[PDB]
Amino acid sequence: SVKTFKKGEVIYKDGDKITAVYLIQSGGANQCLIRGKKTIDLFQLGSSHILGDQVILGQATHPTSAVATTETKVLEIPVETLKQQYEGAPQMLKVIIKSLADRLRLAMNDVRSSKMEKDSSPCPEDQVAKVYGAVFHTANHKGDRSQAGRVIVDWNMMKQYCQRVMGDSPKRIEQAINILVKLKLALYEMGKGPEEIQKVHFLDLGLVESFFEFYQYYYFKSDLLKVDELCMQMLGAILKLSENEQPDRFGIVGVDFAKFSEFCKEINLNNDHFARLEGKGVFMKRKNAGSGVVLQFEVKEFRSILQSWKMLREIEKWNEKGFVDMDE
Amino acid sequence: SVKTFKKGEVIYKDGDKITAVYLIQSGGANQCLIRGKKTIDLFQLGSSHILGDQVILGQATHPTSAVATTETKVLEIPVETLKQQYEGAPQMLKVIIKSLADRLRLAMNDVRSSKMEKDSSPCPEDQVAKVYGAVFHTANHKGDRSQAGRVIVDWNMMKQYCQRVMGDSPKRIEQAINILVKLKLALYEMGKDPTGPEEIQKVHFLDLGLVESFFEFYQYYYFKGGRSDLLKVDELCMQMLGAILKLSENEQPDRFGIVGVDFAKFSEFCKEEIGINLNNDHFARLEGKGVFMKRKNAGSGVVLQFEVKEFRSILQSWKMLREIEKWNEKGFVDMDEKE
């Protein structure tokens, strides 16, 4: 009997009685604590690991939760089989196994109590700039640059550098670069029984530097770093509307109020939506022409603002959930 | 046979080959890392635990030292007894043990890792390469290069970019740059704020290459493994390296960078200047610190080949390590020490 779990499926929840013992034959199980919508990662166990062996200690309940990180095939072992095979082991191996499991228990205890002792959140407000900063400088100093504008960095050669020289968890680093690839700002070269990432391609570091400079500028001194979904929806709606208009000499593209008002209804535009938009950074140069009022603006400004807003939105998605989902 | 240790006795030291395996029948044994005066307590095991069970998975050297915390009685078990008892065990028990011990290693590393975050010392070890990697990069990416040979950085901009993008307390950054200034590798442009005791306005980095060399050295030797004594700057080794780099100062290197020094002159100006006869033991020390040399019998005698760049960078990094130790002790960097 082998059990096949799909990616993201719950193998067992914290508190459930151990009905069988799973030997991971392929894939990966994330031992964690599913906490409402947040999922605090504990450990990642690949093949030849045993889940639910706590029954050796006489335990009846799973201490942690486990989630499949990939299609995970495990071998189902009857609990009493493992029980009677441990009870019938030579005395010294019994002592060694009890000691090992007991110490692992204790270590699991401090781990859970520590991971929750501090860091109330994945990506704290005081680490956004810092984190990406790390990424940037790493790719800016140790990356292959002889290509058409993309910077290639060995995955391990970054998991090292960002953790030793920059002081950043490789998990948070991977999640930030995951946000980058989800916004088609970066790419993942993969390969290598198992399949792992070998390199990472950064299409554009400039945007990364712009983002962390902007975040560190507003955060260390806000009403702009709170991304309002309505304002983003409006910014993205007007950006598409102004996509065809001719860029001016100074680069000011206007939009007739008629089409805009209609689009917004796609609720009812008034000056309060304008004011809510103002506090988010985007300013509208209102002008009067024969066609009525036209909302002139610079595209070099509004495009960058929408980008940084998408960045902040993905960071909020990272904080609310605990990780970055790239399937949607 | 049962061995009875008194409170304080060392059951074994780290690095010692496991010759025996002790089953704690009573008492307790603290597992730690004895390094001179500093003692890093890791984990404590009482009765019904086996010390030395790591030999199953092929450790063959003790990962940590073990000291008895009270009167402790242990049963001595031969290593080959346990190894043969394990190799003849069912494969199910083997995979159970392997998975258990690997998961225990993972959780132990997660505990030791999150404990070093609580370090309150001025410049923790695991932070050294982070502090300079932060200083260097900032000065390398925001510094004004108008004056040749040096990189000028505004002081407030330096502090802010280190705190907000590199995540470093401005006090620690200031003390690291103090170490830099003290070693003639940086300067401090003094201005008068609107308030006259003067005030740091800008910092001049005379040599960022040395900074990168040092933090690469440190990141490469700190995260290596259990052998973390390569960072202990040995006064005996530093004196000898300074002596040999003072000797080989008028030699021209070829495309590899190597220069020579008469083994004669080296030993003679080593005994008559320091006070020791050069022998094979001293070189066993500088070899374990990172100082390797090529001996070749050609012409006048045995000549010692080494690239001056590597040895001078190691000497500067040794200065750095000694200053970091002084900083950790005093709490600041006395820029007027003057050894």
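Before reading on, note that the structure itself is shown above.
K.L.:
What exactly am I supposed to notice about the overall build of chain B here?
P.N.:
For chain B, the helix and strand inventory stands at 10 helices and 14 strands. Rg of the C-alpha trace for chain B: 26 Å, well past the compact-globule value of 20 Å for 339 residues, more than 25% over. By principal-axis analysis of the C-alpha atoms, chain B measures approximately 70 × 65 × 40 Å.

K.L.:
Honestly, the pairing of strand β7 (residues 65–68) of chain A in this entry has me stumped. Any pointers?
P.N.:
Moving residue by residue along a regular strand, the side chains alternate between the two faces of the sheet. Residue and element names in this part refer to chain A. Side chains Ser65 and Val67 project from β7 onto one buried face, and the interleaved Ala66 and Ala68 project onto a second face that is buried too. For strand β2 (residues 10–12) and β7, the ladder comprises 2 bridges, and the chain directions are antiparallel. When the sheet's bridge partners are listed, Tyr12 is paired in β7 with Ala66. Sheet topology note: the strand β4 (residues 29–35)/β7 ladder contains 4 bridges and is antiparallel. Directly across from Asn30, in β7, lies its bridge partner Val67.

K.L.:
Looking at this structure, how should I read the pairing of strand β11 (residues 199–205) of chain B?
P.N.:
Residues and elements named next belong to chain B. Note that strand β9 (residues 151–154) and β11 share 4 bridges and pair antiparallel. Considered in β11, the bridge of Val153 is made with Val203. Note that strand β10 (residues 186–191) and β11 share 6 bridges and pair antiparallel. Each residue of the ladder has a partner; that of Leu187, found in β11, is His204.

K.L.:
I'm lost on helix α1 (residues 79–87) of chain B in this one. Help?
P.N.:
Spacing of three or four residues puts side chains on the same side of an α-helix, whose turn is 3.6 residues. For α1(B), the full list of buried residues reads B:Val79, B:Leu82 and B:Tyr86. In an axial view of α1(B), the angular spread of the buried residues amounts to 75°, which keeps them on one side of the axis. Residues B:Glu80 and B:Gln84 are exposed on α1(B) and point more than 90 degrees away from its buried face. Along its buried surface, α1(B) packs onto α2 (91–115) of chain A together with β3 (20–26), β8 (72–78) and α2 (91–116) of chain B.

Rules used in this analysis
- Residues numbered from 1 in each chain as written, not as in the entry; some residues may be left out.
- Chains lettered and ligands numbered in written order.
- Heavy atoms only, no water.
- Residues with missing side-chain atoms left out of burial classes, pairs and counts.
- Helix = DSSP H or I, 4+ residues; strand = E, 2+ residues; numbered from the N terminus.
- Rg over C-alpha atoms; globule rule 2.2 N^0.38 Å.
- Buried < 20%, exposed > 50% of the residue type's maximum accessible area, 1.4 Å probe, protein only.
- Pairing = 2+ DSSP bridges.
- Arc of directions from axis to C-beta.
- Contact = heavy atoms within 4.5 Å.

In short, shape yes, function no, at least from these values alone.
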